[PDB]
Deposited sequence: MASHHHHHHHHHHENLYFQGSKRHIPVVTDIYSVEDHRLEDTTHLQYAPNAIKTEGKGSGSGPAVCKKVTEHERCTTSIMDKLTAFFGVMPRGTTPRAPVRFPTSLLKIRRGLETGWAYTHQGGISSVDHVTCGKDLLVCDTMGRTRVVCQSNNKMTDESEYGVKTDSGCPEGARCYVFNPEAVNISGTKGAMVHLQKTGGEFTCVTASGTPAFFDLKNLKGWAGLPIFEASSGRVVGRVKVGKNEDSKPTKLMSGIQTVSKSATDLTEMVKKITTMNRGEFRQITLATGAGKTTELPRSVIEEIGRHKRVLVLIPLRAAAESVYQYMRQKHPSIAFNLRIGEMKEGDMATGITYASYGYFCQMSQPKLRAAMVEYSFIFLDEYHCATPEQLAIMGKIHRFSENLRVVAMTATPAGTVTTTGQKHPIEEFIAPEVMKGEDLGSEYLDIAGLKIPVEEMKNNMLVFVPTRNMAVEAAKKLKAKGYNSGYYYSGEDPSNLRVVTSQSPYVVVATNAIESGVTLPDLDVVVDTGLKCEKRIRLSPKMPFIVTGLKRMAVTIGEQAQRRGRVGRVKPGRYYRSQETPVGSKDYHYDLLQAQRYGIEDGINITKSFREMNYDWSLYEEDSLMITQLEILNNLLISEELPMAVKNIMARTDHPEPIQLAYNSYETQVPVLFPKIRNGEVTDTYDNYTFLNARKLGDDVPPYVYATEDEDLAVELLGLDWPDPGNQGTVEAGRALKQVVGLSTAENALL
C-alpha cells in the first residue's frame, strides 16, 4: 500500500473573492463575522484517467507513455489526489505544485488532463515536516494570532452547498480551529479525513501560509492542525499544568539551562509574582546562578537563600536556595515555607548530600501540598575534539602516580587524578623534585594558589577526583587517570557497634571515569593514560544518608523512613533494600529518646567530623572516647583531640559504642580488646531486629 501512484482526479481552478461574511460557507463542527479573501471555484475539470491507467498507478507502476509536465502548466487550482484508496489534495503556486508527503509519498503525480497522459515530477520530499514539493516551496509566513482558513471545494457547508472552509487562527507552530465568529471549534478528525494537502490561507491577504497535514485533539483543547529548544517549551507546558501533589523528573543537559532557563520559562509562564524555589547543593553554586540570572534577566525578581533563615519570607521572584538553608527549619516551619512556593525544583539530586536527602524526605512527608520537579543532567545509574585512549602499565619514561608515562607528554599540560590528598601532594613534590611545574589540589584548597602553576606553558596538576570544578584548567592536553578514589562507606552488623563508618579506597565509577576523560578535548585534542583498574557501576549514598539522619533528631523524624517513602514515590535513587531496612531500624533507635542537652551542645560546637556518633553512642556511653590513631597499620600514641568533647583516652576499657569508625574498630582489634554488647532494652531490641532482618531463610507459598 506504500507503492500506490498518486493520481489527480479533479482540478478546481480558483480565484480570490473577498467577502466580509463567511458564516454561510463554514464547515459543520463569540463575536465576529470572519472577513476573508475567499477562494471561488471558477472551473471543475474531471481527469480522464483510463481504467488500465488507474489500475497500473494503483499497483505502483507509472502507465507507459506518460510524458513529464511542468508544474506551471496548470491553472491556479486545487488538485484532488487519490493514492490507491486514500484521498488528499495538492495546490498550485508560483513555484509549482505543492502537497503533503503522507498523501503523495514523494511520487510523481499522474495527471491525465486535456494535455494527455502526463506526470508531474516530485523534486523535493520531506517526511519529518510532511511536505512534498513538485516545484519550489513558495508558502509565505504568517503573523502570530492572525486568522486563517482552509477551503475544501468538495465539502458541504452549513448552507448545504459545495465548498466549505474551516476557519483557523495561528498559534505557535500550529493552527487552532475556530468558527466564523472566532469561538474555539471542535472537529471529529474523521470529518477531516481527505483534507490533507489543502493550503491554509491568511484571511486578510488570501495567501498560502501552510498546508493541512495532521489533526490533533486534546481532552479540553479545541481541534488543531499541526505542522508535522522546542523540547524546552514542551517541558514547561508539562511543568505548568501540574496539580498540587504531582512530581516530575527531568533530564536536561547542563548547557540547556536546567538551573537557569527552565525556572525562568516556568515563572514567565505562571506569573512573575508567583514564587518559585530552586534548591542547589553548593552555596557558591546558588550564589553564581543568582548573580548570573539577576544580571541577565533584570525584568524578573530573584532571591538568594544561603545564609540565615529569613522569617516569613514571601519574596516574589525565583528563589535560588541551598538545601542546608532549609535544614535550619523545624518540620512545621519547613512545610509552611514550602507550600508558599508555586513550584519547587530539586536541582542536581544525583549528588547525595545529607542536606539533600534530608530535605527531600522531609518535604515528601507533605508532598501532597507541593508541585515538585527534580532536575539532573545525569539521573540515577547513567554514564556520561577527538581523543586518544591509552592504558598505562603499573610500575624514556617516568613514574606518575604509580603509572608508566612517556616523558614527552611532560612538555604538555597534564592533569593527574589521584585518590587521596596525601598521594596528591606526594606525587606533586616528587614531580617538582625532578624539575617540573607541579601543583596539587584537594578539598578546601583555594582555586588561586593554582593560578601560579596554571599560568604557564607547561604545567602538571595532581588532584583528587574531589573538586573537579574549581581548578579550571586552561588549555589542558593530557590526563592521567589512576582509576581509584576514596569515599566514605558504612557497615551494618547485629553485633554492637552496629554502625562502622570509614574512608575506603575503591574503584572509580564508569561514568566518573568518563568524567575524568571529559576534561581534555574541549578546545584541543588530547590523550589519556588509564590504569588497568576496572570501573564499578553505581554510587553509594549510604554514608551520606546516615549523616542526613541528624536533621530529623529535633523534629523526631526518621529521615531514613522518609527517604524510603520518598524514593518509593519519586524513583530518584538506586536502593539497597536490606541496607535501607537496617538504617531505618538504627534511625528509629537514634530518635527513640530525647537527646541530652549536653550532647546537643557538644554536637553543635564540636569540630568532630561525624557528630551523629555522639548521638548514637549516647544511648550507651555519656563520655566520648579518644581511640589511638592508626599510622601504617599499627597503633600509635597520638590522639585526635576534638573540641568540646571532654573525652577520655581508650586505655584498656573499650566503651559500649553503638557507632564506631574503621580506625576505632581496628584499634580495638590490634589492642586485643573486644567491643561490649548491648546494655539496655533499646540496643538489645535494635540488635535482634537487625539480626532478624538479615534472615537468610527464604520461604514462599505461591499459587502457581
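Enquirer: Where are the gaps relative to the deposited sequence?
Expert: Missing CA coords at 1-20, 50-57, 257-263, 420-424, 436-443.
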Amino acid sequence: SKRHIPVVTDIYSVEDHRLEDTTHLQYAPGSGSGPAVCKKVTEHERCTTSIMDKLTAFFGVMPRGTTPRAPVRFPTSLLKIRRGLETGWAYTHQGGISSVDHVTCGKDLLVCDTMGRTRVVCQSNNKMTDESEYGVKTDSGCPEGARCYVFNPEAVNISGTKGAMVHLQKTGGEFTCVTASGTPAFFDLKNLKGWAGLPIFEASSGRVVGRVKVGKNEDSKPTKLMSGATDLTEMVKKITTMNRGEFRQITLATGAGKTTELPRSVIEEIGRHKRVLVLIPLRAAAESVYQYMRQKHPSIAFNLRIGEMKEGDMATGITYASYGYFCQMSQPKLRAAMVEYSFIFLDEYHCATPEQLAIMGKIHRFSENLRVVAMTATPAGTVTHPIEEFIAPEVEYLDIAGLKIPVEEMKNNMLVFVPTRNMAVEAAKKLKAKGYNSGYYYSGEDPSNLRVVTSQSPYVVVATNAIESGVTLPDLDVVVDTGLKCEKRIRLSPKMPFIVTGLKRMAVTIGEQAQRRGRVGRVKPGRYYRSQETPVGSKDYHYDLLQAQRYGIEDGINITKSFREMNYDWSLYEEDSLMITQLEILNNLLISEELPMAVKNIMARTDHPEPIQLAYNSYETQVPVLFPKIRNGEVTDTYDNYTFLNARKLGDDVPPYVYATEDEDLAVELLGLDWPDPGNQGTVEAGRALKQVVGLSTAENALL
From here on, numbers count along this sequence of modelled residues.
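Enquirer: Quick check: 67-75 versus 447-455, which has the larger average CA B-factor in the record?
Expert: The stretch with the larger average C-alpha B-factor is 447-455.
Enquirer: Looking at the entry, does 366-374 or 157-165 show the higher mean C-alpha B-factor?
Expert: Stretch with the greater average CA B-factor: 157-165.
Enquirer: Highest Cα B-factor in the PDB entry belongs to which of 185, 103, 253, 318?
Expert: 253 has the highest C-alpha B-factor of those listed.
Enquirer: Out of 213, 539, 170, 432, which shows the largest CA B-factor listed in the entry?
Expert: Highest CA B-factor of the listed options: 432.
Enquirer: Using the B-factors in the PDB entry, rank residue 658's C-alpha atom against the chain and give the third, lowest, middle or highest.
Expert: Residue 658: CA B-factor falls in the lowest third of its chain.
Enquirer: Among the modelled residues of this chain, does the Cα B factor of residue 524 put it in the lowest, middle or highest third?
Expert: As the PDB entry reports it, the C-alpha B-factor of residue 524 lands in the highest third of its chain.
Enquirer: Using only modelled residues of the chain, where does the Cα B factor of residue 30 rank: lowest third, middle third or highest third?
Expert: Its C-alpha B-factor, which the entry lists for residue 30, ranks in the highest third among residues of this chain.
Enquirer: Which third of the chain does residue 590 land in by C-alpha B-factor: lowest, middle or highest?
Expert: Within its chain, residue 590 is a lowest-third residue by C-alpha B-factor, going by the deposited values.
Enquirer: Based on the entry's values, in what third of the chain does the Cα temperature factor of residue 15 lie: lowest, middle or highest?
Expert: Middle third of the chain for residue 15's C-alpha B-factor.
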